[PDB]
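Only one structure is covered here, and it is reproduced in the block below.
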Amino acid sequence: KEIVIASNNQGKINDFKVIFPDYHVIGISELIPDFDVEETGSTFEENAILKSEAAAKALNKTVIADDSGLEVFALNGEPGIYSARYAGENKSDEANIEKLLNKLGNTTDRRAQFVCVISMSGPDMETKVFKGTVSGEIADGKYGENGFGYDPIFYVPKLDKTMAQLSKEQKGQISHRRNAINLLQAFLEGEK
Amino acid sequence: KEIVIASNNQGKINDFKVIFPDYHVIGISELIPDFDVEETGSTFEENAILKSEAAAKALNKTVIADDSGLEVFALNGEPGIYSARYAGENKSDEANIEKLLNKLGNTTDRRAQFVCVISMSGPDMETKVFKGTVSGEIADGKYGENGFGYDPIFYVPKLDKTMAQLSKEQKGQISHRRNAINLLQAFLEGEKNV
């Protein structure tokens, strides 16, 4: 009946209420207000697993965490697990965008991907990982006004648009996150 | 550990063997050499369901089937469900490619998408379907010689290669069929009691 989200994002949590409408969906802050997990991992997957396992082992409940980011091929994976605070600790997207555009710069191979890993851990269960991806190219500079993070510089060839130029619903169709959620839903459907 | 695949396409069976290395993959041609289901569906999903349900009823086993195709933007989704027999009923991959290329003679927006729908059917479950896709562009000619079907003209920008240029292992990491099967395998993992 209950499922907890290792996140402080009411957006994500409400999203999860639709995919767990059979469940009571609870934000982690309701159970561990001071939840704080040291992200000592190397990949999005390791960091997702640390978050969901810390909550699940302390709580004896089923919990979902995630971790997301941009990987740019020419920069050997950067910003990677450092996507949010790429250019500094006050996590300014524009600052992040400017550091990325400047480090890439003249480079012709601008191939990149967004990856979202969703982790699910619990007592009667081994921890499960669901990885979604969406591919594209780093643009010339910023283009578009919707979305956030690196969306203005992430060009999507199959749509001829940056992620920022897409509507929210358009983003919701093709995003790395939608891909990870599809994998989760298939698992959930699986247990019936 | 066995999976029966209700497909007559030997190329598909090969891909499936790459994607299920822990399974004994059994192609329908081993069990019913003249398997022949009338694909009267108007979508990939309908065609896949017809194949999986037909094999499952005749064998009283769980099986999977596959109906896949290529949708080219500039042709508003052609060849689509007609992908296999695009150029005629003899189902010549080479003829299908030539037709598609001719029809795109000068076109500059060559965006296309590979689509794969997997359906699972069995005597103890309602039929279930899973869809995978991969994006690319139609090249100006045939490059590479691995794979099958439209592989030699399906250029994958992510990889700077056509599907036919990729090793069987690499194709299996990124194909539309790999993506559909990931949803399937997640489904199977879900039925092992969470």
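Here are some residues: B:115, B:37, B:63, B:25. Which one is β-branched (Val, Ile, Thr), within 14 Å of another protein chain (Cβ to nearest Cβ) and within 17 Å of the chain's Cα centre (by Cα)? Talk me through it step by step, then tell me what you get.
Details: B:37 fails: within 14 Å of another protein chain (Cβ to nearest Cβ); B:63 fails: within 14 Å of another protein chain (Cβ to nearest Cβ); B:25 fails: within 14 Å of another protein chain (Cβ to nearest Cβ).
Going through B:115, B:37, B:63, B:25 in turn, the sole match is B:115.
Could you tell me which of the residues B:17, B:51, B:103 is touching a residue at least 24 places away in the same chain (Cβ under 8 Å), among the basic types (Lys, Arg) and surrounded by 16 or more Cβ atoms within 10 Å (Cβ to Cβ)? Reasoning before the result, please.
Values: B:17 fails: touching a residue at least 24 places away in the same chain (Cβ under 8 Å); B:103 fails: surrounded by 16 or more Cβ atoms within 10 Å (Cβ to Cβ).
B:51 is the lone residue from the list that is touching a residue at least 24 places away in the same chain (Cβ under 8 Å), among the basic types (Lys, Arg) and surrounded by 16 or more Cβ atoms within 10 Å (Cβ to Cβ).
Mind listing just one residue for me: the one in the range B:136-154 that is surrounded by 22 or more Cβ atoms within 10 Å (Cβ to Cβ) and closer than 19 Å to residue A:134 by Cβ and, of those, nearest to the other protein chains (Cβ to nearest Cβ)?
By that ranking, first place goes to B:136.
Could you pull out the residue among B:163, B:120 that is within 14 Å of chain A (Cβ to nearest Cβ), in contact with a strand residue (DSSP E or B) (Cβ under 8 Å, 6 or more places away or on another chain), crowded, with 16+ Cβ neighbours inside 10 Å and on the phi < 0 side of the Ramachandran plot? Full working, then the answer.
On the way: B:163 fails: within 14 Å of chain A (Cβ to nearest Cβ).
Testing whether each residue is within 14 Å of chain A (Cβ to nearest Cβ), in contact with a strand residue (DSSP E or B) (Cβ under 8 Å, 6 or more places away or on another chain), crowded, with 16+ Cβ neighbours inside 10 Å and on the phi < 0 side of the Ramachandran plot leaves just B:120.
Residue by residue through the range A:8-44, note down the ones that are touching a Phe, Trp or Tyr at 6+ places or on another chain (Cβ under 9 Å) and within 30 Å of residue A:77 (Cβ to Cβ).
Correct list: A:8, A:16, A:28.
From the list B:126, B:89, pick out the single residue that is in a loop (DSSP other than H, G, I, E, B) and more than 13 Å from the chain's Cα centre (by Cα). I'd like the intermediate steps shown before the answer.
On the way: B:126 fails: in a loop (DSSP other than H, G, I, E, B).
Within the list B:126, B:89, the selection yields B:89.
Being more than 13 Å from chain B (Cβ to nearest Cβ), surrounded by fewer than 19 Cβ atoms within 10 Å (Cβ to Cβ) and under 22 Å from residue B:182 (Cα atoms) is the filter here, so list the residues in the range A:166-186 that pass it.
Hit for the range A:166-186 is A:172, nothing else.
Given the criterion of a type in the set (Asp, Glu) and more than 17 Å from residue A:127 (Cβ to Cβ), identify the matching residue among A:89, A:39. Write out each step before concluding.
Values: A:39 fails: more than 17 Å from residue A:127 (Cβ to Cβ).
Sole residue among the options that is of a type in the set (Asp, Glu) and more than 17 Å from residue A:127 (Cβ to Cβ): A:89.
Scan the range B:65-87 for residues that are buried (at least 21 other Cβ atoms within 10 Å of the Cβ) and in contact with a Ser or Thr (Cβ under 6 Å, 6 or more places away or on another chain) and jot them down.
Those that are buried (at least 21 other Cβ atoms within 10 Å of the Cβ) and in contact with a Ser or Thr (Cβ under 6 Å, 6 or more places away or on another chain): B:65, B:66, B:69, B:70.
Can we say residue B:92 is among the polar types (S, T, N, Q) and surrounded by 16 or more Cβ atoms within 10 Å (Cβ to Cβ)? Let's see the steps before the verdict.
Numbers: among the polar types (S, T, N, Q): yes; surrounded by 16 or more Cβ atoms within 10 Å (Cβ to Cβ): no.
No.
Within the group B:131, B:103, which residue is within 11 Å of chain A (Cβ to nearest Cβ) and out of contact with any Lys or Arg (no Cβ under 8 Å at 6 or more places or on another chain)?
Numbers: B:103 fails: within 11 Å of chain A (Cβ to nearest Cβ).
It is B:131.
Just one of (1) touching a strand residue (DSSP E or B) at 6+ places or on another chain (Cβ under 7 Å); (2) polar (S, T, N, Q); (3) within 13 Å of another protein chain (Cβ to nearest Cβ) trips up residue A:108, so point out which.
For residue A:108, the exception is condition (1).
Positions of Cβ are backbone-derived with ideal geometry, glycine not excepted, and every protein chain shown enters the neighbour counts. We did not get these values from a lab; they are worked out from the coordinates using the rules stated.
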